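Asker: Attaching a single structure in structure tokens format; questions to follow.
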Amino acid sequence: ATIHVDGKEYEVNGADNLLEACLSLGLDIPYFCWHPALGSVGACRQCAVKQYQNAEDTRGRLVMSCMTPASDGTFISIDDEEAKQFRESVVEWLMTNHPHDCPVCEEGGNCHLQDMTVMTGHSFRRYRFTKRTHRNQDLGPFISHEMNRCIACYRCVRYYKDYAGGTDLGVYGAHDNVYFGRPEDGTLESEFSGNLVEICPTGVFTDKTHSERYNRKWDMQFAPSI
Amino acid sequence: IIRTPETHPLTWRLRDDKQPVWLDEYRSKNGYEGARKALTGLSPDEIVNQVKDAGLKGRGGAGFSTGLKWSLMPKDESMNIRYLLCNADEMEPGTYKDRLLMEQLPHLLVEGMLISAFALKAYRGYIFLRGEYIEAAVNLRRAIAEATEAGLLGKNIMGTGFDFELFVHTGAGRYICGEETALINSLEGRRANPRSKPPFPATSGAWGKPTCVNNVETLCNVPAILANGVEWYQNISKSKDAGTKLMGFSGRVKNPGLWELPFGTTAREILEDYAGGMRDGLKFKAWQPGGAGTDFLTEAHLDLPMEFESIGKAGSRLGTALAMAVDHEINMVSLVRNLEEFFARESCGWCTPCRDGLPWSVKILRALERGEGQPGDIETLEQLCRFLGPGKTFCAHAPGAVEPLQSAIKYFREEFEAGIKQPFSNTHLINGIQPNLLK
Amino acid sequence: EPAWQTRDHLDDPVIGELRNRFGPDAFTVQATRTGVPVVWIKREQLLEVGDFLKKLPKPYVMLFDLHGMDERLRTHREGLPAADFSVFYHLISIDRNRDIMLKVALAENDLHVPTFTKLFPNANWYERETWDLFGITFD
Amino acid sequence: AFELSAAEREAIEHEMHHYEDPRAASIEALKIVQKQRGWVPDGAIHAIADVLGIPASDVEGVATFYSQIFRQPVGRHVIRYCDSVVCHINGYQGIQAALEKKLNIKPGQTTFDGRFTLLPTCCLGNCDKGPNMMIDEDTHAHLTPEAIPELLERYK
Amino acid sequence: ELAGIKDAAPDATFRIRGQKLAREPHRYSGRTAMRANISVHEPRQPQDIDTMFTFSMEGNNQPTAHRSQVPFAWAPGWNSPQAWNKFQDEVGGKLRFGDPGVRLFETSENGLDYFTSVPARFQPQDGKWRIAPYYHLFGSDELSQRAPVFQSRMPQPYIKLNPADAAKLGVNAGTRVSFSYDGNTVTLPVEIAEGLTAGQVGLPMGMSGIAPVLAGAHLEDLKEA
Amino acid sequence: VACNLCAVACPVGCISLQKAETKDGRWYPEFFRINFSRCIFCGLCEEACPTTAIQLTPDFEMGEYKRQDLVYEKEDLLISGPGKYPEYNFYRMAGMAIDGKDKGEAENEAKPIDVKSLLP
Ligand SMILES: NC(=O)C1=CN([C@@H]2O[C@H](COP(=O)(O)OP(=O)(O)OC[C@H]3O[C@@H](n4cnc5c(N)ncnc54)[C@H](O)[C@@H]3O)[C@@H](O)[C@H]2O)C=CC1
Ligand SMILES: Cc1cc2nc3c(=O)[nH]c(=O)nc-3n(C[C@H](O)[C@H](O)[C@H](O)COP(=O)(O)O)c2cc1C
Ligand code: SF4
Ligand code: SF4
Ligand code: SF4
Ligand code: SF4
Ligand code: SF4
Ligand code: FES
Ligand code: FES
């Protein structure tokens, strides 16, 4: 399929949505709730781009690139002013209740939420009211739980239930009091629960085994191994 | 007020002593005859076509065409498992019309659901009813039992050979359950998060099956169409919206209530001739046409016909046509604070802008109510209204949430500016660090 | 309009003089945030371009800079000639109060440029430095 | 220490007969347990999950999603007063102040003897007769602040 | 037959435009202080003569490099594990310039014949108990069980028994019975397994003292002790 | 809080530390060493500290006889006072529960509302 991103013509696969098509081409669109393995649900509303149906169109319409197919003849703008302000506003809304926790967070320097806050260019706080807090659960010896850092992107529950087939992780709560975890305390008995520390874009689910002797990602010496 | 069957196709069979009408009395005064004609003389396709040519729009508030919605179910015969759902939630503030429809006329809803289930070839029907309507639930169950025993529900209905089973699913008290896809999710025993469309419920709805969700008042309009004809239905009022709508004014008026009026009647006729106007010593300041999720309108908008396109052209929505009047004694900042508190606490939490921006508007309005507003708060509210509009959020709870806020800022800005008393201060002084003083 | 914007610098009269002298298919113009017209020229025409800039009515009389650059690791080179290495010559005309930056593209094996010392005598140490740190030979 | 009684079990099974998925009876199963015991305790989530076959995480999510499925212990009678826009116009604040003066609690708590639990609720669909209040199964309309003490004595 | 392991990875002379592949990110810190307690003279970084990687950040880790062995994902603006998006030709698809590792053998042109050695039906012999293996993701590996964090995750050693066999032996759930294999009278507590077939004892392979070679073996003198 | 921002912000790389955790859950440096024979006294670590723990004091008399003794450890760096910033505590802003500070007890933080609460 042929799409037009910011006036530039691109050849994409028409069976993919606009987010993975644009991320494949190297175009940076912010996103939280979409994962390549899980699918598209349109939750976080972070992947907004301005869509036009014609080459001669001025108004457009803010759509979700993860929920919009990459059909032939779509003219989308990523760095349009309205789309950038909406993505910055989504980051700001996620930043209203987020705790001042980055130094004492195991996901600091490896955080998707940090990267997307920096990418949208939001660095000034106008919210002056209180931030909601949450209690934490004991998830066993492997996964450490810190519920205050959640952005309600539903990646954890989607992976753990619709992909791994687990039965003890879920969404609870309400309007802005959404909780993600177990109905009680106990060990996550899924054999693939360790992928939650990389599925979660925030520092809610963290590696407790790494948290015992913790260093940042830049301090790590890596190797490819089996 | 006198209600002939011609101009009052819904409320003419209401009793003066406000008791429910049961099967013998309902069938005495021309009951279940439209269902008889539908099930003995017409194919489902021509019934759908009759509803389409009747111009019956959706009475839930959006005004979508009912026949066009019915025509969108798949035409192949491989899927014989089909569902018809009656959205008896009616959780919107200012809305009390479905309560009147099902508390005193349950057999009308049963007959309309039977007609619409035969038209859609829907093998099962569920009345998704809110938990607060208790006597409505009792009346609906008793009417269902009476119709089941008297050869109208169950197996081989009226000798045709059509099987239809009707159930009442009593809800558990959440406002978002009235959204049709969230209604489907709640019917499947899940959390009532709405779903993205496409796919629409007509192709894959409840349990992956073709499913049609309709309001109570639409299914109460359908038996009058199938009984008294289509041309009679198009000749009720000389307006682009065919049929009669349950309209009415509520809130500090002389006679608040609910009356069946044809489309095109102006809101002033409802306020003075039916509602009686404002009460003693009270003046008129504003009004809301379609419940809590509609734009506020002023006194100059009162001489406006109550159609979808007429109210829509004047920067509002017809909604459920149950208008609510705001007097001069009501502070509009407090009213919008109450509205936003309801809309924020009845969020489902699926998508970011509603979930994490409606409480921001709530806290801004709490600050403005107490006089602790700071500069930039009204601009923040305007930006929230712009960034919570249609298409920005996953469902339509949040655009309807933010419509009263932008309407109040547009029409009554001087009340919002009066709550800004203290200067803007987000930071506190850290001793040893000179702050950056931006200009 | 802010002063940090990426300017293509096609309004400079030196670009028009170079088009009218060497033709419209002799060089590429790179849009940068340098504030200086960046002209990618061929290696064979480098001395001719330098002589033309030295013989202008308000000539570029000063060689401000001369150095190499390893472009083997440069991922974003859209609108640039293909190069493993490059040599840039920054020149100043005080009379026009203008600058120009001539860039010459070199492959990894053919790392030789004609010397610039005859046109500008201060090119000697710059070319020695470019040979020392980048391995580019100056014939 | 929780165990479903017999009548709750046949009620849940009979509601499972109504749907083609046993998951679809979860809301009514929670409502049946709440009707029997006043609220839904911790073991009821796992017992309903066992009797339906769905995981307990989904039952907990359904129970915590809906406001009328009480996951905390309540009093003998649940007072539910409407705080929506039309009753705000009709003056629900006086009714709430009278309830706070009588029961001597905040909205959301239960009295010390466990008689009344006071809760705000959304629109009751009776806005033409506002302000309204839903005690356990009875709706009360045209409320006045002096009718609260004469109206709270019919629920012992 | 092991000829494909040469092409599994390129040799130590492989370079990306002359430089090696970095094992650590470019912002690796503490270089002049991580060894200063031993000596204030910082030694040379260790040299990797075996592979194409280097024990330093002086190397290549670009998302557009022509290699298949990626030590870690990092891109400018992408510090999360979402940085793997830049290292793939399409997101969620193959790795760019192919995935590492090659297959040793291809599918043969012809296949085998039918195995005619059909085994007999399992008859529970009196006295002898067939050992049914019960593998655990935490516990049945040789080296993973030596990790101290797996001690709080590994299940307790429980021998699984049929209700009928435990009723015959007089054992209920919880109590300890002793069995002897190769002169080792070891005692395990009993867990009742309904799904296990009669005549078998369920044993956890890879635990302390119970080798995976015990699967399918016999078990004499199973008495309550 | 052993967040390692000073070590990576150091252009010279003369800061080394390791994070450890107490029983309550608060973070601290298990060790903290600075190679002062290698430090250039540029103040980037103090600039990058989000807790104002590391500071550059007005002191210059650090002459030494052996540069092995110029590797200062945590016992040589940790002082008994706030230094140049007298009334800043990072843990009053953090949302992580430690001793003497439960959930919601930080600045601009609301009380934790349970999902089992009866309020809508
Ligand atoms: N208690 C109540 O009565 C409440 C009513 N509302 C009303 O609900 C409206 C929003 O309803 P939504 O369902 O979110 O919006 P909508 O306009 O997208 O859908 C309304 C109806 O139109 C149908 N529809 C629309 N376009 C269609 C298409 N292309 N193909 C098939 N079917 C199509 C849908 O199936 C649905 O039944 C609000 O504008 C408001 O008037 C809102 C809140 C409460
Ligand atoms: C937040 C929200 C709440 C809604 N609540 C109701 C409701 O309570 N009752 C209703 O009939 N429609 C409600 N709707 C409208 C439905 O989406 C849909 O229009 C209805 O199920 C059928 O409409 P119809 O009358 O056009 O067939 C709601 C929509 C939204 C966005
Ligand atoms: S999850 Fe990310 S943004 Fe939130 S505190 Fe941790 S590092 Fe900071
Ligand atoms: S816990 Fe993590 S993965 Fe789950 S919704 Fe919250 S931010 Fe997303
Ligand atoms: S706008 Fe979003 S969070 Fe709000 S009710 Fe709709 S889907 Fe849920
Ligand atoms: S002052 Fe010293 S320790 Fe601090 S960042 Fe600069 S060189 Fe590093
Ligand atoms: S001294 Fe400051 S910057 Fe360094 S690890 Fe400690 S808290 Fe972080
Ligand atoms: S990535 Fe598209 S809405 Fe989340
Ligand atoms: S607003 Fe209170 S009953 Fe509707």
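Just so we're on the same page: first chain in the structure tokens is A, next is B, and so on; residues restart at 1 for each chain, and ligands are numbered from 1 in the order they show up.
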Quick one: residues within 12 Å of ligand 8, with only C-alpha atoms and all ligand atoms, as a ChimeraX atom specification?

Answerer: /A:17-20,23,29-36,38-49,62-69,87,90-91,116,151-155,201 /B:196,350-353,391-394

Asker: Please write the residues from the selection above to a file, keeping C-alpha atoms, as an mmCIF file, in the first residue's frame.

Answerer:
```
data_model
loop_
_atom_site.group_PDB
_atom_site.id
_atom_site.type_symbol
_atom_site.label_atom_id
_atom_site.label_comp_id
_atom_site.auth_asym_id
_atom_site.auth_seq_id
_atom_site.Cartn_x
_atom_site.Cartn_y
_atom_site.Cartn_z
ATOM 1 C CA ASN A 17 -2.079 -0.498 10.966
ATOM 2 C CA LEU A 18 -0.510 2.938 10.682
ATOM 3 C CA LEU A 19 1.557 2.674 13.876
ATOM 4 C CA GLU A 20 3.594 -0.406 12.968
ATOM 5 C CA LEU A 23 7.524 2.604 13.134
ATOM 6 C CA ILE A 29 5.177 8.091 16.980
ATOM 7 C CA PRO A 30 4.642 7.935 20.760
ATOM 8 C CA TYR A 31 2.697 4.923 21.991
ATOM 9 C CA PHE A 32 2.018 2.995 25.185
ATOM 10 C CA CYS A 33 -0.749 0.394 24.893
ATOM 11 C CA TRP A 34 0.280 -1.115 21.548
ATOM 12 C CA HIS A 35 2.670 -4.062 21.461
ATOM 13 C CA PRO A 36 3.850 -5.900 18.318
ATOM 14 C CA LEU A 38 -0.337 -8.366 21.620
ATOM 15 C CA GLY A 39 -2.167 -6.192 19.095
ATOM 16 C CA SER A 40 -4.022 -2.888 19.036
ATOM 17 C CA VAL A 41 -6.680 -1.836 21.540
ATOM 18 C CA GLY A 42 -6.706 1.987 21.389
ATOM 19 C CA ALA A 43 -6.395 2.534 25.142
ATOM 20 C CA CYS A 44 -3.633 5.045 25.917
ATOM 21 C CA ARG A 45 -4.650 7.431 23.060
ATOM 22 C CA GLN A 46 -0.981 8.411 22.675
ATOM 23 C CA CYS A 47 -0.468 7.457 19.002
ATOM 24 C CA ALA A 48 -2.593 10.291 17.587
ATOM 25 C CA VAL A 49 -1.805 11.527 14.078
ATOM 26 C CA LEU A 62 -7.058 13.212 14.818
ATOM 27 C CA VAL A 63 -6.998 9.410 14.622
ATOM 28 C CA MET A 64 -5.139 6.627 16.395
ATOM 29 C CA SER A 65 -2.406 5.226 14.163
ATOM 30 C CA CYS A 66 -2.543 1.899 16.014
ATOM 31 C CA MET A 67 -6.275 1.567 15.248
ATOM 32 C CA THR A 68 -6.162 2.971 11.694
ATOM 33 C CA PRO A 69 -5.265 0.624 8.811
ATOM 34 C CA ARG A 87 0.160 13.808 22.352
ATOM 35 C CA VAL A 90 -1.837 12.751 26.845
ATOM 36 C CA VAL A 91 1.667 12.645 28.353
ATOM 37 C CA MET A 116 7.801 9.138 25.621
ATOM 38 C CA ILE A 151 -0.471 4.643 33.502
ATOM 39 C CA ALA A 152 -3.409 2.224 32.927
ATOM 40 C CA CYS A 153 -2.218 1.049 29.520
ATOM 41 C CA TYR A 154 -3.555 -2.532 30.001
ATOM 42 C CA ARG A 155 -0.477 -4.204 28.465
ATOM 43 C CA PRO A 201 6.216 0.441 30.048
ATOM 44 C CA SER B 196 -14.063 0.085 19.038
ATOM 45 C CA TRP B 350 -10.173 2.372 29.670
ATOM 46 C CA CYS B 351 -8.737 5.375 27.869
ATOM 47 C CA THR B 352 -6.424 8.136 29.033
ATOM 48 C CA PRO B 353 -8.090 11.530 28.242
ATOM 49 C CA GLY B 391 -12.585 11.030 18.121
ATOM 50 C CA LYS B 392 -10.010 11.892 20.791
ATOM 51 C CA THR B 393 -11.373 9.389 23.323
ATOM 52 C CA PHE B 394 -12.271 5.729 22.910
#
```

Asker: Find the nearest atom pair between each residue of chain B and ligand 2 for residues within 9 Å, count only C-alpha atoms and all ligand atoms, give distances in Å to one decimal, sort rows by chain and ascending number, and present the table as JSON lines.

Answerer:
```
{"residue": "B:57", "atom": "CA", "partner": "ligand 2", "partner_atom_place_in_ligand_line": "26 (O)", "distance": 6.6}
{"residue": "B:58", "atom": "CA", "partner": "ligand 2", "partner_atom_place_in_ligand_line": "26 (O)", "distance": 3.2}
{"residue": "B:59", "atom": "CA", "partner": "ligand 2", "partner_atom_place_in_ligand_line": "25 (O)", "distance": 4.2}
{"residue": "B:60", "atom": "CA", "partner": "ligand 2", "partner_atom_place_in_ligand_line": "25 (O)", "distance": 3.5}
{"residue": "B:61", "atom": "CA", "partner": "ligand 2", "partner_atom_place_in_ligand_line": "19 (O)", "distance": 6.3}
{"residue": "B:62", "atom": "CA", "partner": "ligand 2", "partner_atom_place_in_ligand_line": "19 (O)", "distance": 5.7}
{"residue": "B:63", "atom": "CA", "partner": "ligand 2", "partner_atom_place_in_ligand_line": "26 (O)", "distance": 5.6}
{"residue": "B:64", "atom": "CA", "partner": "ligand 2", "partner_atom_place_in_ligand_line": "26 (O)", "distance": 4.9}
{"residue": "B:65", "atom": "CA", "partner": "ligand 2", "partner_atom_place_in_ligand_line": "26 (O)", "distance": 6.9}
{"residue": "B:66", "atom": "CA", "partner": "ligand 2", "partner_atom_place_in_ligand_line": "27 (O)", "distance": 6.3}
{"residue": "B:69", "atom": "CA", "partner": "ligand 2", "partner_atom_place_in_ligand_line": "27 (O)", "distance": 7.9}
{"residue": "B:85", "atom": "CA", "partner": "ligand 2", "partner_atom_place_in_ligand_line": "21 (O)", "distance": 8.3}
{"residue": "B:86", "atom": "CA", "partner": "ligand 2", "partner_atom_place_in_ligand_line": "11 (O)", "distance": 7.6}
{"residue": "B:87", "atom": "CA", "partner": "ligand 2", "partner_atom_place_in_ligand_line": "11 (O)", "distance": 4.5}
{"residue": "B:88", "atom": "CA", "partner": "ligand 2", "partner_atom_place_in_ligand_line": "9 (N)", "distance": 5.9}
{"residue": "B:89", "atom": "CA", "partner": "ligand 2", "partner_atom_place_in_ligand_line": "8 (O)", "distance": 4.2}
{"residue": "B:90", "atom": "CA", "partner": "ligand 2", "partner_atom_place_in_ligand_line": "8 (O)", "distance": 3.6}
{"residue": "B:91", "atom": "CA", "partner": "ligand 2", "partner_atom_place_in_ligand_line": "8 (O)", "distance": 4.7}
{"residue": "B:92", "atom": "CA", "partner": "ligand 2", "partner_atom_place_in_ligand_line": "8 (O)", "distance": 6.2}
{"residue": "B:98", "atom": "CA", "partner": "ligand 2", "partner_atom_place_in_ligand_line": "11 (O)", "distance": 8.8}
{"residue": "B:130", "atom": "CA", "partner": "ligand 2", "partner_atom_place_in_ligand_line": "8 (O)", "distance": 8.5}
{"residue": "B:175", "atom": "CA", "partner": "ligand 2", "partner_atom_place_in_ligand_line": "3 (C)", "distance": 6.4}
{"residue": "B:176", "atom": "CA", "partner": "ligand 2", "partner_atom_place_in_ligand_line": "1 (C)", "distance": 5.0}
{"residue": "B:177", "atom": "CA", "partner": "ligand 2", "partner_atom_place_in_ligand_line": "5 (N)", "distance": 6.7}
{"residue": "B:178", "atom": "CA", "partner": "ligand 2", "partner_atom_place_in_ligand_line": "5 (N)", "distance": 3.3}
{"residue": "B:179", "atom": "CA", "partner": "ligand 2", "partner_atom_place_in_ligand_line": "28 (C)", "distance": 3.9}
{"residue": "B:180", "atom": "CA", "partner": "ligand 2", "partner_atom_place_in_ligand_line": "21 (O)", "distance": 4.1}
{"residue": "B:181", "atom": "CA", "partner": "ligand 2", "partner_atom_place_in_ligand_line": "17 (O)", "distance": 7.4}
{"residue": "B:182", "atom": "CA", "partner": "ligand 2", "partner_atom_place_in_ligand_line": "17 (O)", "distance": 8.5}
{"residue": "B:183", "atom": "CA", "partner": "ligand 2", "partner_atom_place_in_ligand_line": "21 (O)", "distance": 7.5}
{"residue": "B:194", "atom": "CA", "partner": "ligand 2", "partner_atom_place_in_ligand_line": "31 (C)", "distance": 8.8}
{"residue": "B:212", "atom": "CA", "partner": "ligand 2", "partner_atom_place_in_ligand_line": "27 (O)", "distance": 8.0}
{"residue": "B:213", "atom": "CA", "partner": "ligand 2", "partner_atom_place_in_ligand_line": "21 (O)", "distance": 5.2}
{"residue": "B:214", "atom": "CA", "partner": "ligand 2", "partner_atom_place_in_ligand_line": "27 (O)", "distance": 3.4}
{"residue": "B:215", "atom": "CA", "partner": "ligand 2", "partner_atom_place_in_ligand_line": "11 (O)", "distance": 4.0}
{"residue": "B:216", "atom": "CA", "partner": "ligand 2", "partner_atom_place_in_ligand_line": "11 (O)", "distance": 6.6}
{"residue": "B:217", "atom": "CA", "partner": "ligand 2", "partner_atom_place_in_ligand_line": "25 (O)", "distance": 7.4}
{"residue": "B:218", "atom": "CA", "partner": "ligand 2", "partner_atom_place_in_ligand_line": "25 (O)", "distance": 5.9}
{"residue": "B:219", "atom": "CA", "partner": "ligand 2", "partner_atom_place_in_ligand_line": "25 (O)", "distance": 8.6}
{"residue": "B:293", "atom": "CA", "partner": "ligand 2", "partner_atom_place_in_ligand_line": "1 (C)", "distance": 8.8}
{"residue": "B:346", "atom": "CA", "partner": "ligand 2", "partner_atom_place_in_ligand_line": "1 (C)", "distance": 8.9}
{"residue": "B:347", "atom": "CA", "partner": "ligand 2", "partner_atom_place_in_ligand_line": "1 (C)", "distance": 8.5}
{"residue": "B:395", "atom": "CA", "partner": "ligand 2", "partner_atom_place_in_ligand_line": "31 (C)", "distance": 6.0}
{"residue": "B:396", "atom": "CA", "partner": "ligand 2", "partner_atom_place_in_ligand_line": "31 (C)", "distance": 4.1}
{"residue": "B:397", "atom": "CA", "partner": "ligand 2", "partner_atom_place_in_ligand_line": "1 (C)", "distance": 3.8}
{"residue": "B:398", "atom": "CA", "partner": "ligand 2", "partner_atom_place_in_ligand_line": "1 (C)", "distance": 7.6}
{"residue": "B:399", "atom": "CA", "partner": "ligand 2", "partner_atom_place_in_ligand_line": "31 (C)", "distance": 8.6}
{"residue": "B:400", "atom": "CA", "partner": "ligand 2", "partner_atom_place_in_ligand_line": "31 (C)", "distance": 7.6}
{"residue": "B:401", "atom": "CA", "partner": "ligand 2", "partner_atom_place_in_ligand_line": "1 (C)", "distance": 8.7}
```

Asker: Could you give me, as a VMD selection string, every polymer residue with an atom at most 9 Å away from an atom of ligand 4, counting only C-alpha atoms and all ligand atoms?

Answerer: chain A and resid 32 to 33 113 145 to 159 171 178 to 181 196 to 205

Asker: Do a neighbour search on residue 99 of chain F at 10 Å with only C-alpha atoms, toss out local chain neighbours closer than 4 positions, and write the hits as a PDB file with C-alpha atoms, in the first residue's frame.

Answerer:
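Output file result.pdb follows:
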```pdb
ATOM      1  CA  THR F  22      17.023  -1.381  53.809  1.00  0.00           C
ATOM      2  CA  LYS F  23      14.239  -3.458  55.349  1.00  0.00           C
ATOM      3  CA  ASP F  24      11.633  -0.691  55.021  1.00  0.00           C
ATOM      4  CA  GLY F  25      12.429  -0.235  51.335  1.00  0.00           C
ATOM      5  CA  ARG F  26      14.508   2.927  51.120  1.00  0.00           C
TER       6      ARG F  26
END
```

Asker: For a quick test of understanding: name the residues of chain C lying within 8 Å of chain E when counting only C-alpha atoms, and present them as a PDB file with N, CA, C and O atoms, in the first residue's frame.

Answerer:
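Just written: result_4.pdb:
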```pdb
ATOM      1  N   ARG C  72      31.681   7.399   7.335  1.00  0.00           N
ATOM      2  CA  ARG C  72      31.345   5.983   7.227  1.00  0.00           C
ATOM      3  C   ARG C  72      30.253   5.581   8.208  1.00  0.00           C
ATOM      4  O   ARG C  72      29.492   4.645   7.938  1.00  0.00           O
ATOM      5  N   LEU C  73      30.164   6.268   9.343  1.00  0.00           N
ATOM      6  CA  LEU C  73      29.224   5.934  10.405  1.00  0.00           C
ATOM      7  C   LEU C  73      28.011   6.855  10.419  1.00  0.00           C
ATOM      8  O   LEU C  73      27.191   6.771  11.337  1.00  0.00           O
ATOM      9  N   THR C  75      24.555   7.811   9.581  1.00  0.00           N
ATOM     10  CA  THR C  75      23.355   7.142   9.091  1.00  0.00           C
ATOM     11  C   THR C  75      22.457   8.080   8.292  1.00  0.00           C
ATOM     12  O   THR C  75      21.921   7.689   7.249  1.00  0.00           O
TER      13      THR C  75
END
```

Asker: List the spatial neighbours of segment 82-86 of chain F as a PyMOL selection string - criterion: any atom at most 12 Å away, only C-alpha atoms, same-chain residues fewer than 4 positions off excluded.

Answerer: (chain B and resi 429-434) or (chain F and resi 46+51-58+77-78+90)

Asker: Just give me the gap between atom CA of residue 80 of chain D and atom CA of residue 135 of chain D in Å, one decimal is fine.

Answerer: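 These two atoms are separated by 5.9 Å.
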
Asker: To one decimal in Å, tell me the separation between atom CA of residue 126 of chain D and atom CA of residue 141 of chain D.

Answerer: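 So the answer is 7.8 Å.
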
Asker: Would you name the residues within 7 Å of ligand 6, counting only C-alpha atoms and all ligand atoms, and put them as an mmCIF file with N, CA and C atoms, in the first residue's frame?

Answerer:
```cif
data_model
loop_
_atom_site.group_PDB
_atom_site.id
_atom_site.type_symbol
_atom_site.label_atom_id
_atom_site.label_comp_id
_atom_site.auth_asym_id
_atom_site.auth_seq_id
_atom_site.Cartn_x
_atom_site.Cartn_y
_atom_site.Cartn_z
ATOM 1 N N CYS F 6 24.788 10.772 39.167
ATOM 2 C CA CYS F 6 26.052 11.499 39.229
ATOM 3 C C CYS F 6 27.162 10.753 38.504
ATOM 4 N N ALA F 9 26.530 11.153 34.801
ATOM 5 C CA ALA F 9 26.695 12.542 34.403
ATOM 6 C C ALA F 9 28.130 13.019 34.541
ATOM 7 N N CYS F 10 28.972 12.256 35.220
ATOM 8 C CA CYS F 10 30.378 12.598 35.354
ATOM 9 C C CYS F 10 31.071 12.416 34.012
ATOM 10 N N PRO F 11 31.616 13.477 33.409
ATOM 11 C CA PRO F 11 32.315 13.308 32.126
ATOM 12 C C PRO F 11 33.631 12.577 32.263
ATOM 13 N N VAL F 12 34.158 12.475 33.477
ATOM 14 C CA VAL F 12 35.439 11.834 33.715
ATOM 15 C C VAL F 12 35.266 10.376 34.141
ATOM 16 N N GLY F 13 34.129 10.021 34.729
ATOM 17 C CA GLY F 13 33.882 8.655 35.152
ATOM 18 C C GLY F 13 34.581 8.275 36.436
ATOM 19 N N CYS F 14 34.679 9.207 37.380
ATOM 20 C CA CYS F 14 35.400 8.995 38.626
ATOM 21 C C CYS F 14 34.464 8.839 39.821
ATOM 22 N N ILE F 15 33.236 8.381 39.588
ATOM 23 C CA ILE F 15 32.287 8.065 40.650
ATOM 24 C C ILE F 15 31.855 6.617 40.483
ATOM 25 N N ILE F 34 34.868 8.085 45.137
ATOM 26 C CA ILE F 34 35.231 9.096 44.155
ATOM 27 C C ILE F 34 36.748 9.134 44.060
ATOM 28 N N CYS F 39 39.168 13.460 39.472
ATOM 29 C CA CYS F 39 38.079 14.424 39.374
ATOM 30 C C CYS F 39 38.589 15.806 38.987
ATOM 31 N N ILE F 40 37.798 16.510 38.177
ATOM 32 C CA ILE F 40 38.148 17.837 37.688
ATOM 33 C C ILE F 40 37.368 18.939 38.379
ATOM 34 N N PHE F 41 36.534 18.600 39.369
ATOM 35 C CA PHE F 41 35.793 19.560 40.195
ATOM 36 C C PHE F 41 34.907 20.470 39.346
ATOM 37 N N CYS F 42 34.177 19.853 38.420
ATOM 38 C CA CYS F 42 33.343 20.582 37.478
ATOM 39 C C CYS F 42 31.919 20.796 37.970
ATOM 40 N N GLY F 43 31.485 20.054 38.984
ATOM 41 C CA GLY F 43 30.169 20.260 39.551
ATOM 42 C C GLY F 43 29.017 19.698 38.756
ATOM 43 N N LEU F 44 29.275 18.794 37.813
ATOM 44 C CA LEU F 44 28.185 18.188 37.060
ATOM 45 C C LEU F 44 27.429 17.157 37.887
ATOM 46 N N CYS F 45 28.105 16.504 38.835
ATOM 47 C CA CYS F 45 27.433 15.548 39.711
ATOM 48 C C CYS F 45 26.465 16.242 40.659
ATOM 49 N N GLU F 46 26.872 17.383 41.222
ATOM 50 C CA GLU F 46 25.971 18.167 42.061
ATOM 51 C C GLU F 46 24.802 18.705 41.248
#
```
